[PDB]
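Below, in structure tokens: the form deposited in one PDB entry, a single chain.
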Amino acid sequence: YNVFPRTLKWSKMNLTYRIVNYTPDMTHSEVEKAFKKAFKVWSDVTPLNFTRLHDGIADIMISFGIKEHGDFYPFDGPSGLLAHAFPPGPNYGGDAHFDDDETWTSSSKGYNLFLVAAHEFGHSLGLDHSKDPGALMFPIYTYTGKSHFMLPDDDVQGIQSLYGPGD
């Protein structure tokens, strides 16, 4: 027998991801680097392992799009909704979608891709929004100035309550 899992989490540590397409706003390299760092934010404090896929179906499918892009959450043009991700689960579960009507950056201009990605992947991995205004999983985008990124305590605690700490 088997009752459904008790919280939306991944029942495995090895996850894969795939950059289906790219934004016109940043170089391919910049985008790969942002996504890589965004995943490292979570793998650094957990036993989670992220392997990149070039083709095929990955657990976490990453795509850029505008307006209607193949689900019940169409984007809205510049500003407003920036991106979204589905919680752990089959098919669409874990997938992260980015509104390519935003201006995506590696800087303080427009919206920082690394930042929104890191936040969205919190969702992909089982985290909902935080009520702590300093948390990465706080609902509203904040850029606090480019520095060494250290995952806030609240987010470390949240992801650790699901997957444990890293070795």
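A residue's number is simply how far along the shown sequence it sits, counting from 1.
Here the subject shifts to the form solved in complex with a partner chain, a form of this protein not shown in this document.
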- Flag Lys40 as yes or no: does it have a non-hydrogen atom within 4.5 angstroms of any non-hydrogen atom of the partner chain in the deposited complex? no
- Determine whether any heavy atom of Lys36 comes within 4.5 Å of a heavy atom of the partner chain in the deposited complex, and answer yes or no. no
- is_contact(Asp44, the partner chain) in the deposited complex, heavy atom dist at most 4.5 Å: no
